[PDB]
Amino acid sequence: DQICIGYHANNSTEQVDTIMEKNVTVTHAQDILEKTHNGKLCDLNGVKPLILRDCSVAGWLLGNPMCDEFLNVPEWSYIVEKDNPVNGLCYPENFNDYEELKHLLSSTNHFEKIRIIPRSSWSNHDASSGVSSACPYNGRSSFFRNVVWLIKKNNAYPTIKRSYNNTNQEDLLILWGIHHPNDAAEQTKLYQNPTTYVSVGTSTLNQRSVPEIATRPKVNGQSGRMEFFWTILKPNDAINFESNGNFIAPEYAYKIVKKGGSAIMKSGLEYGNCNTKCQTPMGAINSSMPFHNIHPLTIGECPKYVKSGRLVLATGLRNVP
């Protein structure tokens, strides 16, 4: 007659690891590593992202004709841009502090477009011929829609003086540019005045840009180049533009709605008509796990990222036959 002390045992196949011994079969174990996503770019808590597709942030903000899909984009949750959008600066050139502007986009969920300077306001300049074959639209030469390439009128480029006061409540993202022609002869064919500049002033901004001429190879068929600038105009501040030539004046600007909390994502995916709480560039996550190994760049309520391949916590004891 007897009483025996003992412990549970089962058909559990589960295995955990320890410092001294690997692959210990245990009665019960809890996984804590989420290893799956759904392969889609979803809405984040009912809010759809801004999917730029073949357009870059630049093509979008400047109004590249091939990007009319984003002429007036609505509130977004996050932003997805391909690695190398093909439509950015149709007319070749540069974009100052482009990376700082992109990083700025991350403190915001909406850019509302508004006209701060009507295209009709240029009574003394030619606001109709500023188009290039490098910016094709409907088989004809066009140009970035949000800015205007002004041209001398009646063989004159009278000095320009424009001022715009930010009567809005939001910060104002204003974009403009200057044109660097191919040679002195082109300078005069376009603007008539040989020595020109584009001066811009706000309360914090002091700037004078002179067109820098050079001989460069053709990109999208043009040897010329454009330099784009941007500044954030505070409510109630004013911005002053003065120029006697080569000025790519602004037409539209953007009221910055700082619902803030986005950041730019890099992916070739398109929209997957789904909704999620947690999104990564590879797909979304719906998991209760404390950890995941999908991708470091995530957004929304997500589990903590780690490089682990396996992560199992022992709960029960050693399982011995």
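Residue numbers run from 1 along the displayed sequence.
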| property | result |
| --- | --- |
| Selected stretch [higher average CA B-factor]: 60 to 68 or 255 to 263 | 255 to 263 |
| Between 246 to 254 and 114 to 122 (mean CA B-factor, as deposited), the higher | 114 to 122 |
| Selection from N206, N220, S107, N146 [criterion: highest C-alpha temperature factor in the record] | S107 |
| Maximum C-alpha temperature factor, selected from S77, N96, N154, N87 | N154 |
| For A29, the third of its chain into which the C-alpha B factor falls | highest |
| Third assignment of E227 from its chain's C-alpha B-factors | lowest |
| Entry-reported Cα temperature factor of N45, expressed as the chain third it lands in | highest |
| Where the record places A185 (Cα B-factor, split into thirds across the chain) | middle |
| Assigned third (lowest, middle, highest) for the C-alpha B factor of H179 | lowest |
